[PDB]
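J.: Experimental structure and sequence below.
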There are 2 protein chains.
Amino acid sequence: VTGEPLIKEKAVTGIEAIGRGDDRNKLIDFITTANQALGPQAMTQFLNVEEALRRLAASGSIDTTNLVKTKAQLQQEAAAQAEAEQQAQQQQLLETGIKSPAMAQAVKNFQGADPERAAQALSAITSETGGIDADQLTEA
Amino acid sequence: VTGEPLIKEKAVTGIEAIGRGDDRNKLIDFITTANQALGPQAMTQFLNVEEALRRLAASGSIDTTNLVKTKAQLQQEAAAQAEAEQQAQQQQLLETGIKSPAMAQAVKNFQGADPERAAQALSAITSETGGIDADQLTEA
């Protein structure tokens, strides 16, 4: 609109220079007084807990990261953790926790008594159910 | 009604400027004295616990969010947690939880004893119950 630079300047002299730290202390003391008044239940909806790992490390120079678990790395590790817990959940016990080897004995009966009759009876069992390719059964 | 601007201007001089912080201190002291008089049972129906993460963060400039698990984000994560605990409730054990492999033996018998008579038997099972599409059985 005007052409003036988007950033301007300011001069600090005397008590202002001495008490810029006092201004910081005023902000922090307001935050701390709010935390005292409200407690752990403060942490919801007015005054930010101001989250000190990333940006103030980049404030006053210096960069981010290093100790900072980056949002990308944090998401990757969360996904890995979720996959590990799902691996825990998949076949959760089962192979031994299941009641009794009735399926093992039934497999014994399939293989023993006329394997072709076992195949046609397994086809009947997969007819009780469906919607699954039998070509996926031969990839286990 | 009048045409006057909806916001006016004030002037603060001297002890008023020195003790606006005292005004804040008096408000917080009232809150703290009420909390002392009533305790954690106070937290119910007169004086707000004032919830410090979101808005007083936006007070004195600065935006919301950042740490704030937004109401949308909180609802999304609560829904995900609810679905996860439902999945925990969904199929609670069962594969290992059932008492004895009687229906496993039943599956073997349907496999073994006249699979067509077994299919008529499963139709009779769906007759002792009902109102379920048999076409949903073939999507497992």
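T.: Cool, the structure landed. Residues are numbered from 1 along each chain as shown, chains lettered A, B, ... in the order given.
J.: how close does residue A:128 sit to residue A:112?
T.: Residue A:128 sits 22 Å away from residue A:112 when distances are taken as Cβ to Cβ, to the nearest Å. Backbone N, C-alpha and C define where each C-beta goes, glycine included.
J.: try residue A:102
T.: Taking Cβ to Cβ as the measure, residue A:102 and residue A:112 are separated by 15 Å.
J.: Of the two, give the one with the bigger neighbour count.
T.: The neighbour count for residue A:102 versus residue A:112, taken as other Cβ atoms under 10 Å in any protein chain shown, is higher for residue A:102 (18 against 9).
J.: Identify the residue nearest the more buried one in space, chain neighbours excluded?
T.: Beyond its immediate neighbours in the sequence, the residue positioned closest to residue A:102 (Cβ to Cβ, 6 or more residues apart in numbering or on different chains) is residue B:101, lying 3.4 Å away.
J.: What count of nearby residues applies to that neighbour?
T.: Taking other Cβ under 10 Å as the neighbour definition, residue B:101 ends up with a count of 18.
J.: ok, now residue A:86?
T.: 9.
J.: ok, the closest residue to residue A:42 other than its chain neighbours - contacts?
T.: Spatial nearest neighbour of residue A:42, chain neighbours left out: residue B:52 (3.7 Å); criterion: Cβ to Cβ, 6+ apart. Under the criterion of Cβ atoms under 8 Å, 6 or more residues apart in numbering or on different chains, the contact partners of residue B:52 comprise A:31, A:34, A:35, A:38, A:42, A:43, A:44, A:45, A:46, A:47, A:48, A:49.
J.: Which of the three states applies to the last one?
T.: I take that to be residue A:49. Secondary structure of residue A:49, reduced to three states by DSSP: H, G, I helix; E, B strand; the rest coil: coil.
J.: any idea how far residue A:136 is from it?
T.: Going from residue A:49 to residue A:136 by Cβ to Cβ gives 50 Å.
J.: ok, these two, which is more surrounded?
T.: Neighbours were counted for residue A:49 and for residue A:136 using other Cβ under 10 Å; residue A:49 has more, 15 against 8.
J.: Would you enumerate the residues in contact with that one?
T.: Listed by Cβ under 8 Å, 6+ apart, the contact set of residue A:49 reads A:43, B:52, B:53, B:67.
J.: Do you have the helices of chain A handy? List them.
T.: A:15-18, A:20-38, A:55-58, A:71-89, A:102-112, A:115-128 (DSSP state H).
J.: Need those helices in a markdown table (columns: distance to residue B:5).
T.: Below are these laid out as a markdown table (distance: least, Cβ to Cβ, whole Å):
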| stretch | distance to residue B:5 |
| --- | --- |
| helix A:15-18 | 33 |
| helix A:20-38 | 30 |
| helix A:55-58 | 38 |
| helix A:71-89 | 44 |
| helix A:102-112 | 81 |
| helix A:115-128 | 78 |
